[PDB]
Structures are given as structure tokens and as C-alpha cells.
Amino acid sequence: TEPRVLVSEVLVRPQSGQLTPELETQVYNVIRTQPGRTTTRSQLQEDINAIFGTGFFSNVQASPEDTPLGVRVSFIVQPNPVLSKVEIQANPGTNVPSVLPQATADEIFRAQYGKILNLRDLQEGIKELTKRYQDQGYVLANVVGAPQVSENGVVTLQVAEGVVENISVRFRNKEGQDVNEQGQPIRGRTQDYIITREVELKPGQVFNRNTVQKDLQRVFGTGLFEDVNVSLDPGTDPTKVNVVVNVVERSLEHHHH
């Protein structure tokens, strides 16, 4: 149980600078603190979050001051700067450049340029971005952390694109298992090299499922296996991935059909 108090007045102020009439309105749309209604700290916290959630602010505060008619609650808000540009920072810190053209950030975010940074609109664009990656089969591609915002108005998106750390080969049976029905570990009559030399993917490249599927087709093209697929594990470095090429060796019966 926490104290409940009657609200006297509500005001909305800039923390610093001035506050456009439009932002002021944004704040009054989403708050529920109201002259004549009681509030508690919890309800003020809910209003602060509603304010953040509009997307236009970098800090938000509620300062209440006691008066004979009740508390006068001031929401003190700091608007976001205007968006100069959205910068994409690929595969940090690794020498792997973006697998993506540089006109991409600007292609996606520009219609937002020269205006107050709205984290709602930013995220709708990050959504278009991650879709560029996937459309090109970079299926692991992923914005990491939260967007960093400069006084200048420059958003830095970190993107972990799917850098591969290790590739290995694992033999199973048709059933999916890696021990035989007597508990012995399955291993290969085929040397690892016969598989990996058919695979273009290497540690240090960004995982691409179209490229990797072609690799799998090419391993399969050797005639040596019944099944070929790839599976992924998170890396020792968790930004990265480990790739496993899983292979079911061809039975003498399978060669006969």
C-alpha cells in the first residue's frame, strides 16, 4: 500500500529549450493524471511510460508539488533531436563489412530526415531493414542493442549480420541420431574434407541461407549421401554462429533404390 493524493493542476514543460505545441499535445493525449482525480506514484510511473512510448522523448519526469487544493503535477520532458542521418554499423567489432550496400540506411530512413526523431518510426524502418537482409537470405541478420542517438541527430544501428565462427561436419543415421542402436557414436567412412571442399562458406563470412543451400546441393551432388542439411549453434562469441553440416551416409541398399 502506497499514498494516494488528489491532483490540483497538470503542467507540461521542456527540461531544456522550448516545446512545440504539437509535442505538448502528444503528452496530453497519453497521460491520465487529471485535475480532480487522485493519483499515486504508480499511476504517475504508468504516465511517464506512456509518454516515452509516443516516441518523441529521450527523458521524462514527473515532479509533483503539494498545494492546499492538491498536488500540481509537472511532466518535464526532453524531446529527441531532429534526425540528421541513420548510420548502419555492420558486424562490430570484426573486419566483416556489411553484406549490404551503403545507400541502404538512407534508402530506408530518409523520408524521416530533417525532423524530430520518433523511435516508433525508427523501428518501423528497422523492420524494413531486417527485411532487406532476409529477402537476400541473410536470415540471421539482427539489430543489436538499442539505437544510439547523438546531439547532432545521428542514429547508429549496430547490425550483427550472421558471421560464422566455425564450420564442422557431423554424421548421423536416417533416424536423426548420432549413436547407433547399440550406443556407439556414428562417425564417417567419408573424410570431412570431402564434404567441406564442396562448401564455399568459410569462418569469417556472413551466413546466407541461399548460398549455404547451394553448398548443400553441391555436397549432395557427390552421390555419397542420403541426406544433407545444415544446423546452427550459437557461437563462443554469441553474436556469431557455428555451422554444422549434418550428413547421412549412403547405404549399399540406397545405391540400388
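So that there is no doubt, residue numbering starts at 1 and follows the sequence shown.
- Per-stretch averaging of Cα B factors for 90 to 98 and 135 to 143 places 90 to 98 on top.
- Per the PDB record, of the two stretches 240 to 248 and 17 to 25, 17 to 25 carries the greater mean B-factor over its C-alpha atoms.
- Per the PDB entry, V179 shows the highest C-alpha temperature factor of the residues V179, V169, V163, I76.
- For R187, the recorded CA B-factor ranks within the middle third of the chain. Only modelled residues enter the ranking.
- In the deposited entry, the Cα temperature factor of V154 places it in the highest third of its chain's modelled residues.
- Annotation for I116: CA B-factor lies in the highest third of the chain's modelled residues.
- Among the modelled residues of the chain, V82 sits in the highest third by CA temperature factor in this PDB entry.
- The entry lists a Cα temperature factor for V71 that places it in the lowest third of the chain's modelled residues.
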